[PDB]
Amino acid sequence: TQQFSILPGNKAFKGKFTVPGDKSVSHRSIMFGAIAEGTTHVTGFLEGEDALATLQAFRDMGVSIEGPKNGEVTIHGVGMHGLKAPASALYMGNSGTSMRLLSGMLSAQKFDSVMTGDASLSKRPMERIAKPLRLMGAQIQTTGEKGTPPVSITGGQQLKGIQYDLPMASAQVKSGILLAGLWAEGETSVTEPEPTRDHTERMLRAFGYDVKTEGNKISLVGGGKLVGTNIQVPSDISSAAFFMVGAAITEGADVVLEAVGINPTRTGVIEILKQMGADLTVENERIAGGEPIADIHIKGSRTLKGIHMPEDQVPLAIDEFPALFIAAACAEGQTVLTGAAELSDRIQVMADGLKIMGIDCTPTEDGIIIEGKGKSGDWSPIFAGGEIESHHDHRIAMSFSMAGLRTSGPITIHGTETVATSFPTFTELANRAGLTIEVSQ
């Protein structure tokens, strides 16, 4: 029942900011640090719902963990065989990611285990990860005809590597298979029909495990040992994207986003904004914890141009399109999104809010068409304001928050309590940049 409110008016948008840590990478560092040899020190950590569940599971399995505190975690790894049986069921809350990845890990252990979730997770099928694990010799049970949680795993099995053609692309199912393969006999291999994120693979390499990425075939050989290290979590590019868009639509904006993760499976938003004529540079590139990072410098030196968005960037920008829709509305000319059939109907929810603000747009079966109100060298308001329903989607809320940079009337966004969970410092950074957002309940 929380809401953001923004007043209209000309605003500045500038500064040097660092957004919160990537949630996937934060999570993987717990997964592998727990079973690695020696201690692992993590910095730039962000504890999301996935981290909390996994953190608790490994604590229940005997792992000593300090933090997180101020983004820092210390993990006293117990080695590949140092996990101890949990006294009761491992509660995963809403973390499907935790359940699917730990399915692979737990199916290789000596001890039995049961994974349970909240009301939402109890509805989600688990047979897409269970099926391949059982081919590896795992003893894993699901509930009912849809194979939903609880997931009951019998330990003491000897796993063997398989060559799996993944029916449906999924970083989670892929990861789960690979994790079981760490204990399996021989090589375990997953071939994915569509490209997915590879944070799991990159983190494994950081912990010293050999993982071959040969096109769409991803594989490893079991029997190795993970080695504790120092992990610097890159800042989340999905979070940075909102300020990239914000800078690109605000006259004379000058924003430097530091230590932004630029994993090639995540950088679609950069490529698209670049193709829209954005003044956006990527400099000071380096690698931290096996992840590539860079400083992003965005300037509102010119007006964005509407384009037919490149389809080859859609998988790489899937979460950032709500933000790009705001950019498109401010762009000069028409924008077209295609091949994004897999978008909560984020397209419909965005279209609804956009239409309220006076933007001509049209949801399509595989994307959306947006009639930009932008004009070159013109920085008059784009949005008329109004009251927005975010449907408790943090990306919808943060997107229309950026619209406050180019509005002629007040904006009120309902259902914003999930934003702080996803992006704790969002309103703080917005204010520091020159975008005042008032929060109320």
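In case it trips you up, residue 1 is the first one in the sequence shown, and so on.
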query	finding
Interresidue gap class [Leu343, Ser344; deposited sequence, unmodelled]	4 to 9
Higher-B stretch (mean Cα B-factor, as the entry records it), 351 to 359 or 170 to 178	351 to 359
75 to 83 or 307 to 315, whichever carries the higher mean Cα B-factor	307 to 315
Of the residues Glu251, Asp236, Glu320, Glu194, the one carrying the largest Cα B-factor as recorded	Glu194
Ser103, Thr229, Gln158, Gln109, ranked by C-alpha B-factor: the highest one	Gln158
Ranked against its chain, the third holding the CA B-factor of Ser26	lowest
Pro292 CA temperature factor, ranked by third within the chain	highest
Third assignment of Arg59 from its chain's C-alpha B-factors	lowest
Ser399 CA temperature factor, ranked by third within the chain	lowest
Among modelled residues of the same chain, the CA temperature factor third for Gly33	lowest
